[PDB]
Structures are given as structure tokens and as C-alpha cells.
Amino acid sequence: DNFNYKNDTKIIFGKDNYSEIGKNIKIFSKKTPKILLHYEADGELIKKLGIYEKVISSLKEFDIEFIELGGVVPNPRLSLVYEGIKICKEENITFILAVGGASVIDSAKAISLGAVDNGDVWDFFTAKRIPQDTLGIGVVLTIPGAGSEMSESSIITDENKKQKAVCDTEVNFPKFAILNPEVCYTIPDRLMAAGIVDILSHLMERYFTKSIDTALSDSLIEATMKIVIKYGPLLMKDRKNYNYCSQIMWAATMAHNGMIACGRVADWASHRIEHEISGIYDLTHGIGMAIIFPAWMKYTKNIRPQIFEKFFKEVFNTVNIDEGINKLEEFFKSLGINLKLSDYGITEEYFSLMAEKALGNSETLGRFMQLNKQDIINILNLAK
């Protein structure tokens, strides 16, 4: 097992450092800077928090001209990205500032691409052309979600065709990303808890592998996981604790690092199964990953028991799988999450439909264990 790793995104970690917005705009723009401030809706919640102010005060401090463009919505649409390209060519924008989460970061990245291209940007999403340049964006992250502030990916939906797509390319890497743990404070409980589950589950999806010779990698992923297991419950009970939020934020960041996962083989079974639950019921990703992941490890405990033994020894101080699986169930409950699907009024009614749609045009799904339609129903039964 060989692997490659690049990641050029500059990370500014900490608080009381709002000048680094302006400072980093200067470090990464073309000559004199004029920037596009991108946000969701009308900076409604960004401004409520006081980010909008502390942003514009950094922009002013550095004499940076700027236009605002708003209304991105959770599933960012080409409607708006096309509008954004227009503005970055007309008003000669030299840099984009994404002030939000992945929904706005993905929009920002797609604008950054189109602003430097002499074609349609959507040729970069539908596998027609491979972009070779981007204007350049900076992010101020408002919630440590899925790491788009450090990824090479942008997910956009063409609502004219109802066809959503993604574009992975080294140019999409943000030039810099401001990461202040303080943005965690105002996040509602259920969402903080679900973000904590997403961090662990991202680590676990990569940890549980058939790959061999991954000792150091194992250690690092174990280390991050343990911290999630130790601090995430403390953060839930002391929401404004900078330390607790720092560990957790730094964990999510590290979880999106492929220095700790070194070309070891990830498994997406849980993700996919959860996707289809979430596709039919109103259920937050992180919550369904806490219901499904335990069900899946029960169902897959026989593949490489040794790597399950290891997991629970290193993370929950136990060599007994059942006990460990329960310690993880308990830990999820420690974040205020109920563990069964019945609990959310999800019934067995669509376990069949959900299993079919997970598999799509395939016979099985998974890598650690090849899971067929009935295997998936069994897992949904374990989680009911």
C-alpha cells in the first residue's frame, strides 16, 4: 500500500485574530485586492453572531474593496454560481471570502473556478474539462462540518436539470482557512452532537479496514477518536469552553487529514445506508451515523475481529467487543442522542426500499464486508 499526499490550504487556528482575514487576503490576492464576500441568505445568522462585523472591520483595516453576494442555501445552486462568475469578471474581483459553512464554501470554489475560465464552469462538474486554475478563496468557517475548507471538492446542484455533481481538483483547495473554535459556542445542541458523531464516524470509516501494515496510522486515528470520545461529552455540557471546542475542532480538521489515514482503504457502507434513511425521513446525518455505525459493527464483527479487538482496546480500554460496542452506544447517548430508529418514529416500512436504493445497480456494497440487500436489512433491523 503506497499513497500520495498534498494539501496547500493554509490554516489559521485560534481566536482574537480577526486581522488575519485582511492580512491573508493581502497575502493571496492579485496586486490591489477587491474581494467578494460570500454568505448564506442575507448574512442573517453570520451577522447575528458578529462575524460580519469583525470581517468588515478587518477589510476596512486593510483598505480592501469588496462587494457582497448572498443567498446560497444548503444545496448551493448553479443559478447563483453563474451570477457570481458574472460579478467576478465585471467587477474584476481578485479573491473570494467564504464566510459560512460548506454550502457557501462550495459555492465560493465554483465561483473561483468560473471567474478565471473562458467557458462554462459546469463543464468542470460534469466531467468535460479539467480546470487548471482558480481565482482563489479564503474561508472563515462557522461550523466544523465536513472539511470543505480544506478539501478539493465542490458540490453543486443544477436545479434546471435536477442533476447534482461534484468537481475534485487540486485548484479547489482554499488558499487559507480561518478556524476559530469560538464559532462552536452558538451551535445548537443536536447539531453540535451530530457534528461530533460525524468526526468520529469519518475516523471509523477509515479505521475499519482490511488493509495491513498500518500501525502508526492506526495510532494516530485512535488518538483523534479517543479525544472525540473524551472531550465531545464535556463540550456538550460546557458549550462555551474554549479548550473543549479547540480539541474538538482540531479533531475534525485532523480527521480530514490523509496524513493520519495513509492510503488505507475506507468503507462507506454506513454512510450509504444512512444516506437512504435520511433520504426518506427528516434525520440529521450525524444522528443516523450514531444509530447505524453500531449496528454495522455488530454485523461485521466477524471479518477481522483482531482490528475490532484493537479498536475497543485503544479507544474504550476493553478487549471484549460486546462491552466495547456498548461503551460506544453509551457514549452516543452521552451526547443526548437516542440510539434506535423506532425512537424517531422510523419504522421498518421502507427498510426494503432503502436497501434497494443503497445498492443501486450493484449486487453488494461495502469493502470491509460485502453487504447484500438482505445484509443491509439485517443491519437496519439491528438499528430499529
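All residue numbers are counted from 1 along the displayed sequence. Basically, rigid core = biggest C-alpha set you can superpose within 1.5 Å across the two forms.
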Greater Cα displacement in 4 other deposited structures of this protein once the core is superposed, comparing 242-250 with 257-265:
257-265
With B-factors read from the PDB entry, the higher C-alpha mean of 280-288 and 295-303 is in 280-288
Once average C-alpha B-factors are taken from the entry for 196-204 and 251-259, the winner is 251-259
Per the PDB entry, which option out of 326, 29, 318, 334 has the greatest Cα B factor?
29
Out of 131, 138, 232, 188, residue topping the C-alpha B-factor column of the entry
131
How does the C-alpha B factor of residue 39 compare with the rest of the chain: lowest, middle or highest third?
highest
Among the modelled residues of its chain, does the C-alpha B-factor of residue 122 lie in the lowest, middle or highest third?
highest
Record-listed C-alpha B factor of residue 352: chain third
lowest
Could you look up the Cα B-factor of residue 25 in the entry and say which third of the chain it sits in: lowest, middle or highest?
highest
Among all modelled residues of this chain, ranked by Cα B factor, put residue 330 in the bottom, middle or top third, i.e. lowest, middle or highest.
lowest
